[PDB]
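*Asks:* In case it helps, the entry's author numbering puts the sequence shown at residues 3 to 135, 141 to 199.
Even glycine gets a Cβ: it sits at the ideal position worked out from N, Cα and C.
Here it is, the structure, as structure tokens.
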Amino acid sequence: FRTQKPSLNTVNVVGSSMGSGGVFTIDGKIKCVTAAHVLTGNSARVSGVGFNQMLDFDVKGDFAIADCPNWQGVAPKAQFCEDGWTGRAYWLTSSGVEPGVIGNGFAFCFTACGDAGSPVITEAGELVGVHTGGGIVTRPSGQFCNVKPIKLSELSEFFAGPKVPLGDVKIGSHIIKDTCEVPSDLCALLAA
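What follows is the structure, given as structure tokens:
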């Protein structure tokens with residue numbers, strides 16, 4: 003459940019501890035987002051492809067955002083996702099992009115969520131928050152939702168493809184197996 007390569011806008015973030023982050027163009031400005039607890043006060047060394055620099059961050063709860071105008075790399079356009087948004091989401095971790103879903107008052111990732119500071123973005127490219135603390144997603148307001156197990160039938164709601172028997176596919180403990188029929192794309196993802 004992880005791409006081979008991290009996205010080009012994924013960064014390492016090192017302050018008082020070890021984290022990662024992401025770079026986006028938000029209201030016309032290039033910003034870096036990460037987890038506030040990894041900073042040395044509000045400062046960290048941020049590094050990625052073609053970039054290595056100290057940044058100072060605006061902190062709200064465990065959410066942190068910095069202007070980074072010297073960033074010359076990939077900085078996809080993003081706005082914060084709409085309040086109440088639910089759907090498929092993506093964790094941008096230092097070792098690759100990992101799928102999951104955001105539902106009402108919870109998140110679920112198919113794998114571990116990366117370092118603290120991993121951006122969580124929606125299927126339309128909007129920023130949900132960053133992974134902190141298996142774990143929590145902290146939104147730009149500093150409020151959070153916990154990563155929780157999910158019923159297999161609920162997870163199905165986020166996937167397409169005709170219903171197929173789940174058959175012998177093994178599913179981890181963070182999926183509550185309450186059905187044995189699932190949309191084909193979810194079956195295929197789980198079996199990969």
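#1: With a 10 Å radius around its C-beta and 16 neighbouring C-beta atoms as the bar for buried, classify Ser163 as buried or exposed.
#2: If we ignore side chains and look at the alpha-carbon of each, how far apart do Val48 and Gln55 end up?
#3: Helix, strand or coil for residue 140? Go by DSSP, reduced to three states.
#4: Helix, strand or coil for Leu41, going by three-state DSSP, please let me know.
#5: Below 8 Å on the Cβ atoms is my guess for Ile67 versus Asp60; work out the distance and round it to an integer in Å.
#6: Could you tell me whether the Cβ of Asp85 comes closer than 8 Å to any Cβ of chain B?
#7: When you compare the region 91-105 with the region 177-186, are there three or more beta-carbon pairs, one atom per stretch, that lie closer than 8 Å?
#8: Could you give the C-beta distance for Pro101 and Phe3, rounded to a whole number, given that I count them as a contact under 8 Å?
#9: Using the DSSP secondary-structure output, state which residues sit across from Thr27 in a beta bridge.
#10: What's the gap between the Cα of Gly50 and the Cα of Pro172?
#11: Start and end of the alpha helix (DSSP H) containing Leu162?
#12: Closer than 8 Å is the cut-off here; do at least three beta carbon pairs connect the region 153-160 with the region 68-76?
#13: According to the Cβ coordinates, are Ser22 and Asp117 closer than 8 Å?
#14: Suppose the cutoff is 7 Å on Cβ atoms and the five residues either side in sequence are ignored; what does the same chain contact list for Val15 look like?
#15: Could you say which of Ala38, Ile143, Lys79 and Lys31 lies nearest to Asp64 if we only look at CA atoms?
#16: Report the three-state DSSP secondary structure of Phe165 (helix, strand or coil).
#17: Can you tell me where the beta strand (DSSP E) with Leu57 in it begins and where it stops?
#18: Considering Cα atoms alone, identify which of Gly98, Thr113, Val99 and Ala195 is closest to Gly168.
#19: Roughly how many whole angstroms lie between the Cα atoms of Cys83 and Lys62?
*Replies:* So, from the listed chains and residues:
#1: Along the sequence shown, read from residue 1 onward, the residue named residue 163 stands at position 156. With 16 or more Cβ atoms within 10 Å of its Cβ, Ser163 is classed as buried.
#2: By one-based count along the sequence shown, residue 48 stands at place 46. By one-based count along the sequence shown, residue 55 stands at place 53. Each residue's Cα considered, the two are about 5 Å apart.
#3: In this structure residue 140 is absent; the chain steps straight from 135 to 141.
#4: To locate residue 41, count along the sequence shown from 1; it is residue 39. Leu41 falls in the coil class under three-state DSSP.
#5: Taking the sequence shown and counting its residues from 1, the one referred to as residue 67 is at position 65. Taking the sequence shown and counting its residues from 1, the one referred to as residue 60 is at position 58. Between the beta-carbon of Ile67 and that of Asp60 there is about 5 Å, and that keeps the pair under the 8 Å contact cut.
#6: Protein chain content of the structure displayed is limited to a single chain, and chain B is not contained in it.
#7: With the cut-off at 8 Å, the region 91-105 and the region 177-186 do not touch.
#8: The residue labelled residue 101 in the question sits at position 99 within the sequence shown. The residue labelled residue 3 in the question sits at position 1 within the sequence shown. 6 Å between Cβ atoms; contact.
#9: On the sequence shown, residue 27 is found 25 positions in, with the first residue counted as 1. According to DSSP, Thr27 bridges with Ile32 and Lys79.
#10: Residue 50 sits at position 48 when you count from the first residue of the sequence shown. Residue 172 sits at position 165 when you count from the first residue of the sequence shown. CA-CA distance, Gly50 to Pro172, rounds to 43 Å.
#11: Sequence index remark: in the sequence shown, residue 162 carries index 155 (1-based). Residues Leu159 to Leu162.
#12: For the pair of segments examined, the region 153-160 was found not to touch the region 68-76: the number of CB pairs separated by less than 8 Å stays below three.
#13: Mapped onto the sequence shown, residue 22 falls at position 20. Mapped onto the sequence shown, residue 117 falls at position 115. Yes, Cβ-Cβ distance for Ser22 and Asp117 is below 8 Å.
#14: Within the sequence shown, numbered from 1, the residue matching residue 15 stands at position 13. Scanning its chain for C-beta atoms nearer than 7 Å, with the 5 sequence neighbours on each side dropped, one finds around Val15 the residues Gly21, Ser22, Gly23, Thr36, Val40, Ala46, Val48 and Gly119, in chain order.
#15: Counting from 1 along the sequence shown, the entry for residue 64 is found at position 62. Residue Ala38 holds the alpha-carbon nearest to the alpha-carbon of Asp64 among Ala38, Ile143, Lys79 and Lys31.
#16: On the sequence shown, position 158 is the one that residue 165 refers to. In the structure shown, the three-state DSSP call for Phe165 is helix.
#17: In the sequence shown, counting from the first residue as 1, residue 57 sits at position 55. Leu57: member of the beta strand (DSSP E) spanning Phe53 to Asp58, first to last residue.
#18: Locating residue 168 in the sequence shown gives position 161, where the first residue counts as 1. Comparing Cα-Cα distances from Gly168 to each of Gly98, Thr113, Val99 and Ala195, the minimum goes to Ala195.
#19: Numbered from 1 along the sequence shown, position 81 holds the residue referred to as residue 83. Numbered from 1 along the sequence shown, position 60 holds the residue referred to as residue 62. One C-alpha to the other measures close to 17 Å.
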